[PDB]
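Here we start with a single chain on its own, the form deposited in one PDB entry, put down as structure tokens.
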């Protein structure tokens, strides 16, 4: 249920250990600080909204950059820990913690810039992007958003070790005589379940088999409802022959400031973040020769558990080998070791 999902979600962010986990991602936290500070003219004497402030860390960055007032909105119990920090850092004159959902609070005034870290796995997990876009009801016409745009990248990979490892787990249910019991009527249900799990992990970029396809969301322009159904068509130009075990996903965000654009990338070519990368495995790999085209569509449909039902249909155009897959982005396999 939606209210069940929502309770668990904010409980997760009420834990200091989880705020600490995001904060200690130096690539993420340092890149946000650089975006904000190297774009200080965007903050200096301005009014700011921090959507989902957590510990308050990005609001402190806005304050360092010279913001006149910052409304730091937070819906989990972390709001009271943030207020302790604002007090102990002598920033009560500038940072104003507002406990509650950004959809439900009411701010004293319109803001010049909204800052947030609303990104989940594959960019869209957690559906916090919708809360981020919802918050534009508080943005002046002249306003900016940090991050400004989000790019989802998508590329086909070959990874037999990963495929076999997931296949093997599923094939527990291929046993005709587990303690004397035939389990094998469930084998297909087991493969279905195991391959519904996106794989959160990093990998060697040499496993990638074609140039990534890019899907862009402009946060300045997008509307909340735009994220209910996200359709990403793709046509890859195969650069290596081999078996395509699935699609790898990562994302970049850009902070498009008046002084400079700063990028935060979770690309596997880049230093690792707590988002790693995400792979959706095909239940059976597609064979492709270099020079082939692999085309289809990834479709994300917003569900009531603050995430997305993902469907990926991909086909090797030359042979018509087709793979069709459903993935539950809510429930990944965290493989990283």
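Between two forms, the rigid core is defined as the largest C-alpha subset superposing within 1.5 Å. Numbering follows the first chain given and starts at 1.
For the two regions 25 to 33 and 307 to 315, the entry's Cα B-factors average higher over 307 to 315. Mean CA temperature factor is higher for 91 to 99 when stretches 174 to 182 and 91 to 99 are set side by side in the entry. Per the deposited record, the Cα B-factor of residue 249 falls in the lowest third when ranked against the other modelled residues of its chain.
Sort the chain's modelled residues by C-alpha temperature factor and residue 143 lands in the highest third, per the entry. Residue-level temperature factors show residue 82 in the lowest third of its chain, judged at the C-alpha atom.
Placement of the Cα temperature factor of residue 203 within the chain: highest third of the modelled residues, per the deposited record.
In this PDB entry, residue 124 carries a Cα temperature factor that places it within the highest third of its chain's modelled residues.
The same protein also has a form deposited in another entry, omitted here; what follows describes it.
Shift analysis on the rigid core between the shown form and the other one singles out 182 from 182, 204, 221, 104 (C-alpha displacement of 2 Å or more). Annotation: Cα of residue 268 displaced by less than 2 Å between the shown form and the other one, core superposition. Once you line up the core between the shown form and the other one, the Cα of residue 31 stays within less than 2 Å of where it was. A movement of the C-alpha atom of residue 54 reaching 2 angstroms or beyond is seen between the shown form and the other one when the two forms are aligned on their rigid core.
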